[PDB]
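As structure tokens, the structure follows; a few thoughts come after it.
Here Cβ is always computed from backbone atoms with ideal geometry, including for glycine, and neighbour counts include all displayed protein chains. Values in this text are rule-based calculations from the coordinates and carry no lab data.
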Amino acid sequence: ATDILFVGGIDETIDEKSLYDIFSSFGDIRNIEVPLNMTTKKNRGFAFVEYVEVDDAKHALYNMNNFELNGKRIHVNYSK
Ligand SMILES: [Mg+2]
């Protein structure tokens, strides 16, 4: 367990704004990274969510792994 989550399988509509409003439910977010495709201006299918608190990351990972966002099932892993 770490305070940084690798999030995969995100729908093309998800950006930093929408992922913050989803993942901020679990606790204080230090940083969110959703790289954009410089051609489509859409995400590349993954993000990093960093919590202040490892306990918040653990709660987020339990609750969001295999959860469905906009009709797509997401993958949540500890990063590092
Ligand atoms: Mg930290």
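Projected label points at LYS42 and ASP28, each 7 Å from Cα along the beta carbon direction, are separated by 3.6 nanometres. If you take all other residues with their beta carbon under 14 Å from the beta carbon of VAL52, and give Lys and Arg +1 and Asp and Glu -1, the sum is -4. Cβ-to-Cβ counts within 10 Å put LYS80, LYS58 in ascending order as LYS80, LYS58, the fewest first. Magnitude of the charge dipole for the chain, about its Cα centre and with charges confined to Cβ atoms of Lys, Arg (+1) and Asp, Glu (-1), is about 360 debye. For the pair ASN63 and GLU12 in one chain, pulling the backbone fully straight at 0.36 nm per residue adds 16.2 nm over the alpha carbon distance.
What does the helix-only formula give at 222 nm for the chain: each DSSP H stretch with n ≥ 4 adding -39500 (n - 2.57), the total divided by the residues, and the result rounded to the nearest 500 deg cm²/dmol? -7000 deg cm²/dmol, from helical runs alone. Normalised by 2.2 N^0.38 Å, where N counts its residues, the alpha-carbon radius of gyration of the chain equals 1.00.
Suppose a student asked you for the relative contact order of the chain, using Cα pairs under 8 Å spaced at least 6 residues apart; what percent would you report?
In percent, rounded to a whole number, it is 46.
Backbone phi angles across the range 13-29, fed through the Karplus curve with coefficients 6.51, -1.76 and 1.60 (θ = phi - 60°), yield HN-Hα couplings of 7, 6, 10, 4, 4, 4, 5, 4, 5, 6, 7, 4, 3, 9, x, 5, 9 Hz in residue order; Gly and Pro are listed as x.
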